[PDB]
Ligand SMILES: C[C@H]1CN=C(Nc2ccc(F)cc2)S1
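One chain follows as structure tokens, the form deposited without the ligand.
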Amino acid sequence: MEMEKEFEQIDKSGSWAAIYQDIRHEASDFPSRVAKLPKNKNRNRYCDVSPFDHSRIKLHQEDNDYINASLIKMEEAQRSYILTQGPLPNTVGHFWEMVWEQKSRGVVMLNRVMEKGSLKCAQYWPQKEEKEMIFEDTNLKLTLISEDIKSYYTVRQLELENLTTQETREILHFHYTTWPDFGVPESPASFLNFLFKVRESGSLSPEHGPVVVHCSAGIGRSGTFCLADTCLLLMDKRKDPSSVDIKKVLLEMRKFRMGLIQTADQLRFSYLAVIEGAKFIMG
């Protein structure tokens, strides 16, 4: 494929940092006024990772509608994603409120609760079935129904209950547990297989609200997940799969949330993920 030849070109010339800088310079810039508001300071994890106003998800409460989350709407691929930060101790209720209101079926987690000896994420789901979580601020109940631990990922069945109305929904929690503390994975095989597993569950399908994807900031590994999935979908859809430009898709995604793909090594990994992922469907 012509993407692999472009990949081999940048590899031989060692210009991954230069290509990544080009994207960084070309990337969209939009206001994040609501995010920067002083009352929303404790709702943000990082000062430099904000949702654009135009694509931000609004909570259905008149008090404070703010959550650090962006709707990425891919028109041509017919796919939507919510990218958000790993919830904070104070925003765990907000997080599940969004899952409920947006009618999400799947939650994709691409980090461990602890990485590099620091807390990257609040423990926002129950670890034992007998110990449910109740979120008093958003009036929601969350129960672990089942857990399936595998070598590279863990899938959890969760029940989310709106306590005001008593409706229940099954939420699928897809947790990629083997992303290395430093850098990117050596082989995209595990990541791609994880992707296919999320796909197979119907969590990315149009009959459901957009999947909720997060890592620490919801931009680095989260960007990779959405970029790979969209590129692969487009190669299936288009007349001429070679016309899929990963850089062009990324820049289109960057219109909805900042900083998707954080390093040149993450971009290289994305290429590899798309290249290897295509080879699984095209032999």
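Start at 1 with the first residue shown and count on from there.
On average the C-alpha atoms of 20-28 have higher B-factors than those of the other stretch, with 268-276 and 20-28 being the two compared. When the mean C-alpha temperature factors of 247-255 and 62-70 are read from the deposited coordinates, 62-70 comes out higher.
The entry lists C-alpha B-factors for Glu130, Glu115, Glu167, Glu101, and the highest of these is at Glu167.
Across the residues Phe95, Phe174, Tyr152, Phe196, the deposited record lists the maximum Cα B factor for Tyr152. Sorting the modelled residues of the chain by their CA temperature factor places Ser187 in the highest third. Residue-level temperature factors show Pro241 in the highest third of its chain, judged at the C-alpha atom. Looking at the C-alpha B-factors along this chain, the one for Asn40 belongs to the highest third. Looking at the C-alpha B-factors along this chain, the one for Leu163 belongs to the highest third.
Remark: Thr230 belongs to the lowest third of its chain, ranked by C-alpha B-factor as recorded.
The form deposited with the ligand bound exists for this protein as well; it is not shown, and the discussion that follows is about that form.
Classification of the binding site as open follows from the superposed pose of the ligand in the deposited complex: not one of its atoms falls inside 2.4 Å of a backbone or C-beta atom here. Contact annotation: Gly117 falls outside 4.5 Å of the ligand in the deposited complex, judged by heavy atom distances. Residue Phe135 is the only one in 135-173 with at least one heavy atom within 4.5 Å of the ligand in the deposited complex.
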